[PDB]
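Asker: model this:
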Amino acid sequence: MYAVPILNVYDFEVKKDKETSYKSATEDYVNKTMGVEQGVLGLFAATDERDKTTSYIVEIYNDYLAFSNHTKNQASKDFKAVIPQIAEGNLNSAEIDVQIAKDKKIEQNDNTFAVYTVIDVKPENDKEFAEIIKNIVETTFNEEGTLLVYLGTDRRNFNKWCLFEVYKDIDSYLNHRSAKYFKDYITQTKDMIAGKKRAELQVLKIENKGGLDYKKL
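Answerer: Numbers count the residues shown, from 1 in each chain. Provided below are the atomic coordinates:
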């Protein structure tokens, strides 16, 4: 309640002939972390296979102490020991000031559909946009089939909004963006945006506590 949630999104390029090792090590990491550690709200491993296979792992913790303990616990020590053998390069990480974080408990299946969007808003239009996207993301969570929406701003630059969202199935996601409220939003914010990268992602392993319901005061 009085603690600030920690939301970090890690990404990196996977070596050509190491997809197998990558999947195994990420599965173990997600399973050993959530099964044993405290203060971990959820971990979400996905993959972008377009051009060059990229790993994405969305990690969310209750506070910075929970996070600091995680980086010292066994799951992470084992995984960070394997990254160099399976990573080609890049190795980026976005740290995010969470604006809205809402979820249900996810039991992944073949239909689970994850998307990650990054939106560079023009600084001139940031105030107005913030209130707009906040509303849209809340409307989305109440849509049937939405399992998770994490919305926040990069701590390196608050004009960079980051949206991670999980749906029960691909139809739920398409119905979401073909809805009047979302189409209207695209039209309304068109000239407020500087750049946008949406990445439909291939789910790898997801585990979470569920029931999260947070909003920055």
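Asker: Could I get the buried residue list for stretch 112-128?
Answerer: For stretch 112-128, a neighbour-count test (16 or more other C-beta atoms under 10 Å) marks 112-116, 118-119, 121, 125 as buried. (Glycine included, C-beta is placed from N, CA and C.)
Asker: now that stretch: how far from the chain's centre is it?
Answerer: Distance of stretch 112-128 from its chain centroid, counting by C-alpha atoms, centre = their mean, to the nearest Å, is 13 Å.
Asker: do stretch 182-199 as well
Answerer: Centroid separation between stretch 182-199 and its chain, computed with C-alpha atoms, centre = their mean, is 19 Å.
Asker: what about the residue nearest to the spatial centre of the chain, is that helix, strand or coil?
Answerer: Centroid-nearest residue in the chain, with C-alpha atoms, centre = their mean: residue 164, separated by 3.8 Å. Under DSSP: H, G, I helix; E, B strand; the rest coil, residue 164 falls in the strand class.
Asker: Spatially nearest residue to it (excluding sequence neighbours)?
Answerer: residue 150 (4.5 Å; C-beta to C-beta, 6 or more residues apart in numbering).
Asker: centre of the chain versus the helix or strand in which the one you found is found, how much separation?
Answerer: Using DSSP states H and E, residue 150 falls within strand 146-154. Distance, stretch centre to chain centre, for strand 146-154: 7 Å (C-alpha atoms, centre = their mean).
Asker: Parallel or antiparallel, list what pairs with that strand.
Answerer: strand 87-103 (antiparallel), strand 157-167 (antiparallel) (DSSP bridges).
Asker: What's the local residue count around residue 51?
Answerer: Residues within reach of residue 51, counting by other C-beta atoms under 10 Å, total 7.
Asker: For it, give me the backbone phi and psi.
Answerer: Here is the backbone geometry of residue 51 (degrees, to the nearest 10): phi 60, psi -70.
Asker: which residues does it contact?
Answerer: Applying C-beta atoms under 8 Å, 6 or more residues apart in numbering, we find residue 51 in contact with no residue.
Asker: Determine which stretch of the strands paired with strand 146-154 is the most buried.
Answerer: Most buried of these, by mean neighbour count (mean count of other C-beta atoms under 10 Å): strand 157-167, with a mean of 20.
Asker: contacting residues around that strand?
Answerer: For strand 157-167, contacts defined as C-beta under 8 Å, 6+ apart pick out 9, 44, 58, 94, 96-97, 103, 106, 112-123, 126, 129, 133, 137, 140, 145-154, 173, 176, 194, 206.
Asker: What is the helix or strand just after that strand packed up against?
Answerer: Note on strand 157-167: by DSSP H and E, the next helix or strand toward the C-terminus is helix 170-177. Packing partners of helix 170-177 (3 or more C-beta pairs under 8 Å, 6 or more residues apart in numbering; DSSP states H and E): strand 113-121, strand 157-167.
Asker: Go again with 10 Å.
Answerer: The contact analysis (3 or more C-beta pairs under 10 Å, 6 or more residues apart in numbering; DSSP states H and E) places helix 170-177 against strand 113-121, helix 126-142, strand 146-154, strand 157-167, helix 180-189, strand 193-208.
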